[PDB]
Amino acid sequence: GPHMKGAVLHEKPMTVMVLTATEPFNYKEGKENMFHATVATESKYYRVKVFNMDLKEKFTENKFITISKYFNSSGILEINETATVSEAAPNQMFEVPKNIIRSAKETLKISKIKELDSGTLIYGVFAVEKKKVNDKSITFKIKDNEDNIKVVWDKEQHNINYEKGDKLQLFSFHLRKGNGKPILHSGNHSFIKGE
């Protein structure tokens, strides 16, 4: 089945414009690489997790593609081996509204992130106040104008590309509210990179 549990299959074809995509990366040892992308329709942007590396080229910025038999997990799309992805016909193309492009690249305030439900996937670019390397984890204190929060990565550390002073790019991190002590924690598909 889908890499995201509970994800629902959508057979109906949908045409999107690719806004951005990450390099592929190893998310789990012994498994094929994945990448993250953001795509948009005339009315909505979607975060997308792509598990078929045949599709690297099709996820080029500003390209229009038609996707079918993809999975939807709480608004996050998953494209795996069973999906069909083709280049869109010129007649299937459209203009993405500016507000949608803007929202797709925006990062929520940390204070607002903290109000979301536990388990919500968090994406964004944040200033780093401190980085701490431990044996079983790397932690970051990230911050903005108004607030700060801890980011916890407990996965393989070798391939993280982050340099002192960089802003931190987060993809698919999980909000954990704990009990008034919230953090962002890596999960199965999380990706982290300096900007």
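Residues carry their position along the shown sequence, with the first being 1.
Judged by mean Cα B factor in the deposited record, 51 to 59 ranks above the other of 51 to 59 and 35 to 43.
Averaged over CA atoms, B-factors in the entry run higher in 2 to 10 than in the other of 2 to 10 and 185 to 193. By the numbers in the PDB entry, the CA B factor is greatest at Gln92 among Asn80, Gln92, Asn72, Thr120. Residue set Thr15, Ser172, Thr20, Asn179: peak C-alpha B-factor at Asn179 (per PDB entry). In the PDB entry, a CA B factor belonging to the middle third of its chain's modelled residues is recorded for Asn26.
Annotation for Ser86: C-alpha temperature factor in the highest third relative to the rest of the modelled chain, per the entry. When the modelled residues of the chain are ordered by their C-alpha B factor, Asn159 lands in the highest third. Remark: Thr139 belongs to the lowest third of its chain, ranked by C-alpha B-factor as recorded.
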